[PDB]
$ cat query.cif   # mmCIF, C-alpha atoms and all ligand atoms
data_structure
loop_
_atom_site.label_atom_id
_atom_site.label_comp_id
_atom_site.auth_asym_id
_atom_site.auth_seq_id
_atom_site.Cartn_x
_atom_site.Cartn_y
_atom_site.Cartn_z
CA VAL Y 31 104.73 92.96 103.35
CA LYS Y 32 102.59 95.68 101.70
CA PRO Y 33 103.51 97.96 98.82
CA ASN Y 34 103.93 101.71 99.32
CA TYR Y 35 102.89 103.24 96.02
CA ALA Y 36 103.06 107.02 96.13
CA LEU Y 37 102.05 109.59 93.52
CA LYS Y 38 105.01 110.82 91.49
CA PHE Y 39 103.52 112.50 88.42
CA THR Y 40 100.21 113.73 87.07
CA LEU Y 41 99.99 113.68 83.29
CA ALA Y 42 97.56 116.31 82.06
CA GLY Y 43 96.70 117.13 78.46
CA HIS Y 44 93.77 114.99 77.27
CA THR Y 45 90.64 117.14 76.88
CA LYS Y 46 88.15 114.29 77.47
CA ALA Y 47 87.94 110.97 79.35
CA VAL Y 48 91.06 108.84 79.19
CA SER Y 49 90.12 105.28 78.18
CA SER Y 50 93.31 103.19 78.38
CA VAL Y 51 96.94 103.44 79.41
CA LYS Y 52 99.66 100.91 78.54
CA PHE Y 53 103.39 100.75 79.16
CA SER Y 54 105.62 99.86 76.23
CA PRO Y 55 107.31 96.46 76.60
CA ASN Y 56 110.78 98.04 76.65
CA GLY Y 57 109.64 100.11 79.67
CA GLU Y 58 110.43 103.52 78.16
CA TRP Y 59 106.97 104.81 77.29
CA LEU Y 60 103.35 105.05 78.27
CA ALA Y 61 100.59 105.27 75.67
CA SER Y 62 97.18 106.69 76.44
CA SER Y 63 93.99 106.84 74.47
CA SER Y 64 91.01 109.07 74.94
CA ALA Y 65 87.47 110.03 74.04
CA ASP Y 66 89.16 113.14 72.55
CA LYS Y 67 90.18 110.89 69.58
CA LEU Y 68 93.89 111.16 70.38
CA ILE Y 69 96.66 108.87 71.51
CA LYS Y 70 99.42 110.42 73.60
CA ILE Y 71 102.87 109.06 74.29
CA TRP Y 72 104.62 109.86 77.55
CA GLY Y 73 107.93 109.04 79.23
CA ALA Y 74 107.39 106.09 81.62
CA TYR Y 75 109.85 107.28 84.30
CA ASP Y 76 109.25 111.07 84.26
CA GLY Y 77 105.73 111.41 82.82
CA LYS Y 78 107.05 113.85 80.20
CA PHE Y 79 104.71 114.37 77.24
CA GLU Y 80 106.41 113.08 74.04
CA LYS Y 81 103.86 113.30 71.23
CA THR Y 82 100.24 113.23 70.12
CA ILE Y 83 99.05 110.80 67.47
CA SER Y 84 95.85 111.74 65.67
CA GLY Y 85 93.68 110.33 62.91
CA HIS Y 86 90.66 108.49 64.32
CA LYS Y 87 87.33 110.13 63.56
CA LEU Y 88 85.67 109.23 66.89
CA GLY Y 89 86.76 108.32 70.42
CA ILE Y 90 89.32 105.62 71.12
CA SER Y 91 88.60 102.78 73.58
CA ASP Y 92 91.91 100.95 73.74
CA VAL Y 93 95.51 101.02 72.62
CA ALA Y 94 98.13 98.23 72.62
CA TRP Y 95 101.87 98.00 71.93
CA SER Y 96 103.75 95.63 69.66
CA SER Y 97 106.37 93.48 71.40
CA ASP Y 98 109.23 95.54 69.92
CA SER Y 99 107.65 98.80 71.22
CA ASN Y 100 107.66 100.27 67.67
CA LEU Y 101 103.98 99.91 66.73
CA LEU Y 102 100.68 100.77 68.40
CA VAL Y 103 97.19 99.59 67.60
CA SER Y 104 94.12 101.59 68.62
CA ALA Y 105 90.46 100.53 68.72
CA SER Y 106 87.89 103.19 67.93
CA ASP Y 107 84.19 104.00 67.98
CA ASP Y 108 84.65 104.78 64.26
CA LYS Y 109 84.52 100.96 63.81
CA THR Y 110 88.18 100.66 62.83
CA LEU Y 111 91.50 99.79 64.30
CA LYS Y 112 94.58 101.69 63.23
CA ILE Y 113 98.19 100.51 63.32
CA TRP Y 114 100.67 103.30 64.02
CA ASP Y 115 104.40 103.76 63.67
CA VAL Y 116 105.20 105.27 67.06
CA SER Y 117 108.44 107.00 66.07
CA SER Y 118 106.83 108.89 63.14
CA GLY Y 119 103.22 109.04 64.37
CA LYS Y 120 102.06 107.77 60.97
CA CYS Y 121 99.06 105.51 60.46
CA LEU Y 122 100.37 102.44 58.61
CA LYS Y 123 97.14 100.44 58.25
CA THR Y 124 93.44 100.82 58.93
CA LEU Y 125 91.72 97.55 59.82
CA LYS Y 126 88.10 97.62 58.63
CA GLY Y 127 85.63 94.81 59.13
CA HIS Y 128 83.84 95.34 62.43
CA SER Y 129 80.31 96.69 61.94
CA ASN Y 130 80.19 98.66 65.21
CA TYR Y 131 82.41 100.20 67.91
CA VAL Y 132 85.66 98.38 68.50
CA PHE Y 133 86.28 98.10 72.25
CA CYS Y 134 89.48 96.15 72.75
CA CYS Y 135 92.68 95.12 71.02
CA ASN Y 136 96.00 93.41 71.58
CA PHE Y 137 99.01 92.17 69.64
CA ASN Y 138 100.22 88.59 70.01
CA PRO Y 139 103.73 88.09 71.42
CA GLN Y 140 105.29 87.65 67.96
CA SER Y 141 103.27 90.72 66.98
CA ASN Y 142 102.38 89.33 63.55
CA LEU Y 143 98.70 89.23 64.67
CA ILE Y 144 96.19 91.60 66.28
CA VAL Y 145 93.06 90.43 68.09
CA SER Y 146 90.07 92.76 68.39
CA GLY Y 147 86.69 92.66 70.11
CA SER Y 148 83.69 94.76 69.24
CA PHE Y 149 80.22 95.93 70.21
CA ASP Y 150 79.21 93.80 67.18
CA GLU Y 151 79.78 90.69 69.40
CA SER Y 152 82.64 89.27 67.28
CA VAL Y 153 86.32 88.63 67.90
CA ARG Y 154 88.61 89.16 64.89
CA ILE Y 155 92.19 88.11 64.20
CA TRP Y 156 94.11 90.36 61.85
CA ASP Y 157 97.36 90.00 59.95
CA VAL Y 158 99.64 92.90 60.86
CA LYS Y 159 101.71 92.84 57.63
CA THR Y 160 98.75 92.93 55.23
CA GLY Y 161 96.04 94.38 57.46
CA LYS Y 162 93.73 91.56 56.30
CA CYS Y 163 91.22 89.96 58.63
CA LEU Y 164 92.24 86.31 58.93
CA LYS Y 165 89.33 85.05 61.07
CA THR Y 166 86.03 86.27 62.49
CA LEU Y 167 84.92 84.34 65.57
CA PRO Y 168 81.21 84.32 66.47
CA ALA Y 169 82.42 84.68 70.00
CA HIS Y 170 79.58 86.07 72.06
CA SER Y 171 75.93 87.13 72.18
CA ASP Y 172 76.72 90.56 73.62
CA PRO Y 173 79.45 93.17 73.20
CA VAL Y 174 83.00 91.89 73.64
CA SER Y 175 84.66 93.63 76.61
CA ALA Y 176 88.22 92.29 76.38
CA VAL Y 177 90.54 90.11 74.29
CA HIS Y 178 93.99 88.84 75.29
CA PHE Y 179 96.68 86.48 73.97
CA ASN Y 180 98.50 84.16 76.35
CA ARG Y 181 102.26 84.24 76.80
CA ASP Y 182 103.08 82.12 73.69
CA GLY Y 183 100.22 83.42 71.52
CA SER Y 184 98.67 79.93 71.15
CA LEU Y 185 95.46 80.98 72.95
CA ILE Y 186 93.11 83.92 73.00
CA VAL Y 187 90.72 84.69 75.86
CA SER Y 188 87.63 86.80 75.19
CA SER Y 189 85.04 88.12 77.63
CA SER Y 190 81.62 89.57 77.20
CA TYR Y 191 78.57 91.11 78.80
CA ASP Y 192 76.91 87.72 78.06
CA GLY Y 193 78.75 86.40 81.15
CA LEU Y 194 81.21 84.00 79.52
CA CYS Y 195 84.96 83.95 79.12
CA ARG Y 196 85.96 81.86 76.14
CA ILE Y 197 89.43 80.52 75.35
CA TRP Y 198 90.20 80.07 71.64
CA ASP Y 199 92.91 78.23 69.75
CA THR Y 200 94.64 81.00 67.75
CA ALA Y 201 95.68 78.70 64.85
CA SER Y 202 92.29 77.04 64.20
CA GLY Y 203 89.92 79.61 65.69
CA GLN Y 204 88.07 76.86 67.58
CA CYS Y 205 86.86 77.35 71.18
CA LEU Y 206 88.78 75.11 73.60
CA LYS Y 207 87.04 76.06 76.84
CA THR Y 208 84.35 78.30 78.29
CA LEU Y 209 84.81 79.48 81.86
CA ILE Y 210 81.39 79.06 83.38
CA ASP Y 211 79.55 78.75 86.71
CA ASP Y 212 75.99 78.07 87.93
CA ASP Y 213 75.50 81.84 87.59
CA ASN Y 214 77.34 84.08 85.10
CA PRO Y 215 77.09 87.89 85.55
CA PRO Y 216 78.45 90.27 82.84
CA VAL Y 217 82.22 90.00 82.37
CA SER Y 218 83.77 93.41 81.85
CA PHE Y 219 87.43 92.44 81.55
CA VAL Y 220 89.67 89.40 81.22
CA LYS Y 221 93.38 88.67 80.85
CA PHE Y 222 95.85 85.82 81.20
CA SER Y 223 98.40 85.88 83.98
CA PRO Y 224 101.97 86.47 82.78
CA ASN Y 225 102.81 82.78 83.42
CA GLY Y 226 99.87 81.79 81.21
CA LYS Y 227 98.28 79.36 83.68
CA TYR Y 228 95.59 81.60 85.14
CA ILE Y 229 92.93 84.02 83.99
CA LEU Y 230 91.81 87.19 85.83
CA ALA Y 231 88.20 88.17 85.12
CA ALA Y 232 86.20 91.20 86.29
CA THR Y 233 82.43 91.01 86.58
CA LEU Y 234 79.91 93.83 87.01
CA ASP Y 235 78.98 92.55 90.49
CA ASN Y 236 81.99 94.34 92.06
CA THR Y 237 84.15 91.22 91.88
CA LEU Y 238 87.43 90.08 90.36
CA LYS Y 239 88.09 86.35 90.08
CA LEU Y 240 91.24 84.33 89.44
CA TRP Y 241 90.57 81.16 87.46
CA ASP Y 242 92.82 78.17 86.87
CA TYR Y 243 92.64 77.72 83.09
CA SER Y 244 93.59 73.98 83.17
CA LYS Y 245 90.82 73.07 85.60
CA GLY Y 246 88.26 75.70 84.57
CA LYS Y 247 87.67 76.67 88.22
CA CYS Y 248 87.84 79.84 90.28
CA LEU Y 249 90.57 79.93 92.93
CA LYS Y 250 90.45 83.46 94.38
CA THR Y 251 87.99 86.33 94.53
CA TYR Y 252 88.95 89.94 95.13
CA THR Y 253 86.38 92.43 96.38
CA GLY Y 254 86.08 95.81 98.15
CA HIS Y 255 86.08 97.98 95.04
CA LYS Y 256 83.11 99.22 93.06
CA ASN Y 257 82.54 98.01 89.50
CA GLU Y 258 78.94 97.83 88.33
CA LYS Y 259 79.04 99.76 85.05
CA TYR Y 260 82.39 100.24 83.30
CA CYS Y 261 84.90 97.98 81.63
CA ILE Y 262 87.75 98.59 84.07
CA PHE Y 263 91.25 97.26 83.35
CA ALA Y 264 92.96 95.11 85.99
CA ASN Y 265 96.48 93.73 86.14
CA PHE Y 266 98.92 91.36 87.70
CA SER Y 267 101.80 93.25 89.26
CA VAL Y 268 104.81 90.94 89.33
CA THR Y 269 107.93 93.12 89.49
CA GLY Y 270 108.06 93.25 93.30
CA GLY Y 271 105.38 91.67 95.49
CA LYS Y 272 102.63 89.72 93.73
CA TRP Y 273 99.56 91.99 93.56
CA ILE Y 274 96.33 92.37 91.70
CA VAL Y 275 95.77 96.00 90.63
CA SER Y 276 92.45 97.49 89.46
CA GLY Y 277 90.57 100.72 88.99
CA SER Y 278 87.21 101.43 90.58
CA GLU Y 279 84.05 103.49 90.32
CA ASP Y 280 84.83 105.04 93.74
CA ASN Y 281 87.78 106.75 92.01
CA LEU Y 282 90.46 104.73 93.78
CA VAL Y 283 93.15 102.38 92.54
CA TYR Y 284 92.84 99.09 94.47
CA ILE Y 285 95.80 96.83 95.19
CA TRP Y 286 95.22 93.33 96.61
CA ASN Y 287 97.62 90.66 97.83
CA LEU Y 288 97.37 87.98 95.12
CA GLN Y 289 97.43 85.05 97.55
CA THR Y 290 95.53 86.33 100.63
CA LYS Y 291 93.06 88.50 98.69
CA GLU Y 292 93.49 91.27 101.30
CA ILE Y 293 93.43 94.89 100.13
CA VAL Y 294 96.92 96.22 100.75
CA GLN Y 295 96.61 99.75 99.31
CA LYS Y 296 94.07 102.17 97.93
CA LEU Y 297 95.53 104.99 95.83
CA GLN Y 298 93.63 108.28 96.03
CA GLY Y 299 94.03 111.21 93.68
CA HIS Y 300 91.67 110.87 90.76
CA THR Y 301 88.45 112.91 90.70
CA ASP Y 302 86.52 110.50 88.48
CA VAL Y 303 86.23 106.77 87.80
CA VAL Y 304 89.62 105.08 87.46
CA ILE Y 305 88.92 103.24 84.21
CA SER Y 306 92.41 101.91 83.44
CA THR Y 307 95.51 100.83 85.32
CA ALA Y 308 98.79 99.44 83.98
CA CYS Y 309 101.88 97.97 85.60
CA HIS Y 310 105.39 98.74 84.36
CA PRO Y 311 107.27 95.72 82.90
CA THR Y 312 110.40 96.03 85.09
CA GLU Y 313 109.96 98.68 87.82
CA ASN Y 314 107.34 98.96 90.58
CA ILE Y 315 105.36 101.64 88.74
CA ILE Y 316 101.60 101.85 88.19
CA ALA Y 317 99.81 104.13 85.75
CA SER Y 318 96.15 105.03 86.36
CA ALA Y 319 93.71 106.91 84.15
CA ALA Y 320 90.35 108.51 84.80
CA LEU Y 321 87.14 109.62 83.13
CA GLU Y 322 85.73 113.01 82.06
CA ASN Y 323 85.68 114.98 85.34
CA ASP Y 324 89.40 114.20 85.77
CA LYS Y 325 91.04 113.56 82.33
CA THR Y 326 94.46 112.81 83.86
CA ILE Y 327 96.91 109.98 84.10
CA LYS Y 328 98.84 109.41 87.31
CA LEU Y 329 102.13 107.57 87.77
CA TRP Y 330 102.71 105.90 91.14
CA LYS Y 331 105.91 104.28 92.45
CA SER Y 332 106.66 101.81 95.24
CA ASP Y 333 109.84 100.32 96.75
CA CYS Y 334 107.86 97.12 96.88
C1 LIG T 401 106.40 84.85 83.69
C2 LIG T 401 105.92 85.34 85.06
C3 LIG T 401 106.92 86.00 86.01
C4 LIG T 401 106.51 86.34 87.34
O1 LIG T 401 107.27 86.85 88.09
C5 LIG T 401 105.16 86.06 87.77
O2 LIG T 401 104.76 86.38 89.08
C6 LIG T 401 104.16 85.54 86.75
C7 LIG T 401 102.69 85.43 87.09
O3 LIG T 401 101.92 84.94 86.32
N1 LIG T 401 102.23 85.92 88.37
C8 LIG T 401 100.83 85.82 88.69
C9 LIG T 401 100.49 84.57 89.47
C10 LIG T 401 101.40 83.97 90.33
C11 LIG T 401 101.02 82.83 91.04
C12 LIG T 401 99.75 82.30 90.90
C13 LIG T 401 99.35 81.17 91.61
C14 LIG T 401 98.19 81.27 92.38
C15 LIG T 401 97.73 80.18 93.12
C16 LIG T 401 98.44 78.99 93.10
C17 LIG T 401 99.60 78.88 92.35
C18 LIG T 401 100.06 79.97 91.60
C19 LIG T 401 101.33 79.79 90.78
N2 LIG T 401 102.28 79.70 90.17
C20 LIG T 401 98.85 82.92 90.04
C21 LIG T 401 99.21 84.05 89.33
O4 LIG T 401 104.66 84.80 85.59
#
$ encode --input "query.cif" --output "structure tokens"
Amino acid sequence: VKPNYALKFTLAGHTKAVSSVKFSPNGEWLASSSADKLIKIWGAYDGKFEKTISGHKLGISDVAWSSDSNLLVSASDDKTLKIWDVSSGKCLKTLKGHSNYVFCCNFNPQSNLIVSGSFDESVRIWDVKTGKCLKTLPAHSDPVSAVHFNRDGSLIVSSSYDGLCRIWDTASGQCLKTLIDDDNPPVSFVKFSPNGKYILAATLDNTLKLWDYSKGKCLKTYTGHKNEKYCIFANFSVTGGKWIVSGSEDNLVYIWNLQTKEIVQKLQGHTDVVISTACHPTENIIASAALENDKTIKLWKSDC
């Protein structure tokens, strides 16, 4: 069985490179961030523009939703994160502390915490209620490319251009494990699987790898795409068939069979690097976003 994703909507409106797209947990919305310093909110099923949220002084690298779909956090080149009320568009908190570009962000499942990673090589854990930094982790010796909580929020994984993925205890801020091999090329993205037992990591040698967290060993490698430069988002698609979904520097969305590692689809449409993909929480829907020569988001749907 293969999926049959087909283009349903093209979401135009950003005036510069799109940097991230994320579906709200309740499945109703898509948020996008851009080098044009804006966040846009769109209908998840029809691609209908809903609103623009503005306030950052420089480009935005990432956006992430709270578990109740009411708040957004954005990570900016202006060295700050902002927490937004989605329904009003108001900035509730500005999180200051990083000394350089903030590249990545995520809420924990309870959504009382935010984790951020920065060009300043640190990982920070922030209290949502107060906006206070709770912990600064001396995580890496190069820019932090991604940060992600596991399904119960007890662990954080961080990745970096230094080649390591590190798993941290959220409560204590101590490192529990480093995912490491004989050779360790730059890691451009990392995330836990939805079941919490595995980690997906992208390296800048055109490879994605699935690691067993318990054993600290690689189980599967996915190749065929191009990724030598950019921090490209990848995903587990779990609503229908079990796929790995990623963008690519050949401007395609790649879909692999999780178990066999075979490419099952390549989605064509974007006219620049597909920097971000996201998978809808309940329906077989993928969102893809592209850089400056394209500036669009595309929504794709499959029966499978
Ligand atoms: C909560 C949630 C709901 C889902 O439907 C779902 O597919 C996921 C998930 O993490 N899929 C992703 C996923 C599924 C299976 C495996 C896997 C690979 C090799 C050997 C064993 C296994 C296992 N086992 C890895 C990742 O978890």
$ closest_residue --input "query.cif" --among "Y:200, Y:278, Y:189, Y:180" --to "ligand LIG 401 (chain T)" --atoms "only C-alpha atoms and all ligand atoms"
Y:180
$ closest_residue --input "query.cif" --among "Y:40, Y:62, Y:166, Y:96" --to "residue 76 of chain Y" --atoms "only C-alpha atoms"
Y:40
$ residues_around --input "query.cif" --residues "residue 144 of chain Y" --least-positions-apart "4" --cutoff "6 Å" --atoms "all atoms listed in the file" --output "list in words"
residues 136, 137, 155 and 156 of chain Y
$ write_last_selection --input "query.cif" --atoms "C-alpha atoms" --output "mmCIF file, in the frame of the given file"
data_model
loop_
_atom_site.group_PDB
_atom_site.id
_atom_site.type_symbol
_atom_site.label_atom_id
_atom_site.label_comp_id
_atom_site.auth_asym_id
_atom_site.auth_seq_id
_atom_site.Cartn_x
_atom_site.Cartn_y
_atom_site.Cartn_z
ATOM 1 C CA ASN Y 136 96.000 93.410 71.580
ATOM 2 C CA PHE Y 137 99.010 92.170 69.640
ATOM 3 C CA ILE Y 155 92.190 88.110 64.200
ATOM 4 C CA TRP Y 156 94.110 90.360 61.850
#
$ residues_near_ligand --input "query.cif" --ligand "ligand LIG 401 (chain T)" --cutoff "6 Å" --atoms "only C-alpha atoms and all ligand atoms" --output "list in words"
residues 223, 224, 225, 266 and 268 of chain Y
$ atom_distance --input "query.cif" --atom1 "atom CA of residue 165 of chain Y" --atom2 "atom CA of residue 63 of chain Y"
26.0 Å
$ atom_distance --input "query.cif" --atom1 "atom CA of residue 87 of chain Y" --atom2 "atom CA of residue 111 of chain Y"
11.2 Å
$ atom_distance --input "query.cif" --atom1 "atom CA of residue 217 of chain Y" --atom2 "atom CA of residue 183 of chain Y"
22.0 Å
$ residues_around --input "query.cif" --residues "residue 158 of chain Y" --least-positions-apart "5" --cutoff "9 Å" --atoms "only C-alpha atoms" --output "count of residues only"
7
$ residues_around --input "query.cif" --residues "residue 46 of chain Y" --least-positions-apart "3" --cutoff "6 Å" --atoms "all atoms listed in the file" --output "count of residues only"
4
$ residues_near_point --input "query.cif" --point "(101.1, 76.3, 72.8)" --cutoff "12 Å" --atoms "all atoms listed in the file" --output "ChimeraX atom specification"
/Y:179-186,198-201,226-227
$ residues_around --input "query.cif" --residues "residue 93 of chain Y" --least-positions-apart "6" --cutoff "12 Å" --atoms "all atoms listed in the file" --output "VMD selection string"
chain Y and resid 48 to 54 60 to 64 67 to 71 83 101 to 106 111 to 114 116 132 to 137 144 to 146 176 306 308
$ residues_around --input "query.cif" --residues "residue 228 of chain Y" --least-positions-apart "2" --cutoff "12 Å" --atoms "all atoms listed in the file" --output "short mmCIF file (atom, residue, chain, number, x, y, z; two decimals) with C-alpha atoms, in the frame of the given file"
data_model
loop_
_atom_site.label_atom_id
_atom_site.label_comp_id
_atom_site.auth_asym_id
_atom_site.auth_seq_id
_atom_site.Cartn_x
_atom_site.Cartn_y
_atom_site.Cartn_z
CA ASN Y 180 98.50 84.16 76.35
CA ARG Y 181 102.26 84.24 76.80
CA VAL Y 187 90.72 84.69 75.86
CA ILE Y 197 89.43 80.52 75.35
CA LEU Y 209 84.81 79.48 81.86
CA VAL Y 220 89.67 89.40 81.22
CA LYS Y 221 93.38 88.67 80.85
CA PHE Y 222 95.85 85.82 81.20
CA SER Y 223 98.40 85.88 83.98
CA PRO Y 224 101.97 86.47 82.78
CA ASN Y 225 102.81 82.78 83.42
CA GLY Y 226 99.87 81.79 81.21
CA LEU Y 230 91.81 87.19 85.83
CA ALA Y 231 88.20 88.17 85.12
CA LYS Y 239 88.09 86.35 90.08
CA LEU Y 240 91.24 84.33 89.44
CA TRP Y 241 90.57 81.16 87.46
CA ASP Y 242 92.82 78.17 86.87
CA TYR Y 243 92.64 77.72 83.09
CA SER Y 244 93.59 73.98 83.17
CA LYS Y 245 90.82 73.07 85.60
CA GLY Y 246 88.26 75.70 84.57
CA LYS Y 247 87.67 76.67 88.22
CA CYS Y 248 87.84 79.84 90.28
CA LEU Y 249 90.57 79.93 92.93
CA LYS Y 250 90.45 83.46 94.38
CA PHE Y 266 98.92 91.36 87.70
CA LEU Y 288 97.37 87.98 95.12
#
$ residues_near_point --input "query.cif" --point "(87.7, 95.3, 58.8)" --cutoff "8 Å" --atoms "only C-alpha atoms" --output "PyMOL selection string"
chain Y and resi 110+124-128+162-163
$ closest_residue --input "query.cif" --among "Y:253, Y:236, Y:281, Y:204" --to "residue 298 of chain Y" --atoms "all atoms listed in the file"
Y:281
$ closest_residue --input "query.cif" --among "Y:210, Y:174, Y:334, Y:316" --to "residue 39 of chain Y" --atoms "all atoms listed in the file"
Y:316
$ closest_residue --input "query.cif" --among "Y:326, Y:148, Y:287, Y:91" --to "residue 300 of chain Y" --atoms "all atoms listed in the file"
Y:326
$ closest_residue --input "query.cif" --among "Y:329, Y:282, Y:206, Y:321" --to "residue 260 of chain Y" --atoms "only C-alpha atoms"
Y:321
$ build_atoms --input "query.cif" --residues "segment 209-222 of chain Y" --atoms "N, CA, C and O atoms" --output "mmCIF file, in the frame of the given file"
data_model
loop_
_atom_site.group_PDB
_atom_site.id
_atom_site.type_symbol
_atom_site.label_atom_id
_atom_site.label_comp_id
_atom_site.auth_asym_id
_atom_site.auth_seq_id
_atom_site.Cartn_x
_atom_site.Cartn_y
_atom_site.Cartn_z
ATOM 1 N N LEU Y 209 84.794 79.367 80.418
ATOM 2 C CA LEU Y 209 84.810 79.480 81.860
ATOM 3 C C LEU Y 209 83.397 79.844 82.272
ATOM 4 O O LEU Y 209 82.867 80.886 81.857
ATOM 5 N N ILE Y 210 82.804 78.984 83.091
ATOM 6 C CA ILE Y 210 81.390 79.060 83.380
ATOM 7 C C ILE Y 210 81.066 78.549 84.783
ATOM 8 O O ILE Y 210 81.749 77.666 85.305
ATOM 9 N N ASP Y 211 80.045 79.146 85.393
ATOM 10 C CA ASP Y 211 79.550 78.750 86.710
ATOM 11 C C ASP Y 211 78.045 78.505 86.633
ATOM 12 O O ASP Y 211 77.441 78.647 85.561
ATOM 13 N N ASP Y 212 77.452 78.153 87.777
ATOM 14 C CA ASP Y 212 75.990 78.070 87.930
ATOM 15 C C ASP Y 212 75.331 79.387 87.521
ATOM 16 O O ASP Y 212 74.296 79.384 86.846
ATOM 17 N N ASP Y 213 75.927 80.494 87.965
ATOM 18 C CA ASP Y 213 75.500 81.840 87.590
ATOM 19 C C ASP Y 213 76.664 82.613 86.961
ATOM 20 O O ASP Y 213 77.809 82.492 87.402
ATOM 21 N N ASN Y 214 76.343 83.424 85.953
ATOM 22 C CA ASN Y 214 77.340 84.080 85.100
ATOM 23 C C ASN Y 214 76.961 85.548 84.853
ATOM 24 O O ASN Y 214 76.323 85.860 83.852
ATOM 25 N N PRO Y 215 77.347 86.460 85.766
ATOM 26 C CA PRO Y 215 77.090 87.890 85.550
ATOM 27 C C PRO Y 215 78.014 88.492 84.471
ATOM 28 O O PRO Y 215 79.039 87.894 84.144
ATOM 29 N N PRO Y 216 77.660 89.668 83.926
ATOM 30 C CA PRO Y 216 78.450 90.270 82.840
ATOM 31 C C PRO Y 216 79.946 90.381 83.166
ATOM 32 O O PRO Y 216 80.320 90.832 84.254
ATOM 33 N N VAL Y 217 80.775 89.960 82.215
ATOM 34 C CA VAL Y 217 82.220 90.000 82.370
ATOM 35 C C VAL Y 217 82.736 91.211 81.613
ATOM 36 O O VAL Y 217 82.554 91.326 80.388
ATOM 37 N N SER Y 218 83.380 92.105 82.356
ATOM 38 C CA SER Y 218 83.770 93.410 81.850
ATOM 39 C C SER Y 218 85.238 93.467 81.471
ATOM 40 O O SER Y 218 85.667 94.425 80.838
ATOM 41 N N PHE Y 219 86.012 92.471 81.883
ATOM 42 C CA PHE Y 219 87.430 92.440 81.550
ATOM 43 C C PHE Y 219 87.995 91.065 81.820
ATOM 44 O O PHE Y 219 87.543 90.378 82.725
ATOM 45 N N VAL Y 220 88.984 90.673 81.024
ATOM 46 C CA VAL Y 220 89.670 89.400 81.220
ATOM 47 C C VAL Y 220 91.098 89.518 80.702
ATOM 48 O O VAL Y 220 91.371 90.277 79.773
ATOM 49 N N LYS Y 221 92.008 88.794 81.342
ATOM 50 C CA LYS Y 221 93.380 88.670 80.850
ATOM 51 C C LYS Y 221 94.060 87.447 81.446
ATOM 52 O O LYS Y 221 93.741 87.022 82.553
ATOM 53 N N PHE Y 222 94.979 86.862 80.684
ATOM 54 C CA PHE Y 222 95.850 85.820 81.200
ATOM 55 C C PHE Y 222 96.867 86.376 82.187
ATOM 56 O O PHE Y 222 97.308 87.517 82.066
#
